[PDB]
């Protein structure tokens, strides 16, 4: 449980040395980490953890990319993330295989009653919990390096979120995403406790029961200005440890990650970094501006990301996003009456991006609280096809957004905005 401003590599090392010193046997170790999508200080944690592990006789250092539904990473990206070279023998990177049944272990089910209660009875069935089978191999220790920040689906990220959705699969992840969207971003984002967090914790209990290795949470908190400023590393053990470290994390994050403004915005440009590869993640630009009163009615959210050219990297999910397009909650619920098999994660995503709105179920017409515009390399026609706005990314410039009720947000999609 270390803290600083900034938190230093030296302090971090002292913490990790301490943790490793208390480990008894280490030949085989697993490190579960965030993906290219998370800009954090993993590299300071992972590389030092590995170093100290070597000194005490580590034989095998395996890593697992907590991808969720995100794309697989190249070996080079693991290197960048971990600060560890591919050319170390004893080191083995692994991608997660979210969509591959054979990669997963069944640990048990969520009961229908509880599932129904989290989802207003929308689901009403037993939900199987399946996670990467690596969790249950002969490891002496498993280290989960996670990070905590306000989040559109889980109130905050970090803690057990690295297990689910990180290294989980479709059924349980669909369920929490849908549970979350029923409450909705404006109420949910930046809350410690909420339906998705309940689902995640309930399922993780059954998971940690079956893990025989000792399990550690290394829960990071940081700022991002032009670089990442580490601020805390909360290290703890086992299921209950994950809970404690997460709660401490959220208390710090809630003081550091909320930006306050005094007037509703008419224009916000979310300046998106290379790390957000596709609309699935660049949508954070919309979510972070959805607390009530933050956007003026008719306000424009502009997701400025010239490099982006897809909605999701998984072709099927990308197809699905384009099928339904971006709409309000009441339109989507209606669409699911018509298409009851439609994927609820995609369904939740679309509502999450589009924001509040009304649906007249006599006429089918939608009105929206704000507009969402894609300033990316997705063509204008392909944008309106999915019910989103468009701006030529080459015509977007900071100097056009300094008027009293506009905002040029750098870095985009990171900080939660609130009315002061």
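Residue numbers count along the first chain shown, from 1.
As recorded in the PDB entry, 256-264 is the stretch of 99-107 and 256-264 with the greater mean C-alpha temperature factor. Judged by mean Cα B factor in the deposited record, 307-315 ranks above the other of 198-206 and 307-315. For the set 42, 377, 63, 67, the PDB entry puts the maximum C-alpha B factor at 377. Out of 371, 366, 392, 35, it is 366 whose C-alpha atom has the highest B-factor in the PDB entry. In the PDB entry, residue 158 places in the lowest third of its chain by CA B-factor. Residue-level temperature factors show residue 86 in the highest third of its chain, judged at the C-alpha atom.
Sorting the modelled residues of the chain by their CA temperature factor places residue 340 in the middle third. Sort the chain's modelled residues by C-alpha temperature factor and residue 212 lands in the highest third, per the entry. Remark: residue 352 belongs to the lowest third of its chain, ranked by C-alpha B-factor as recorded.
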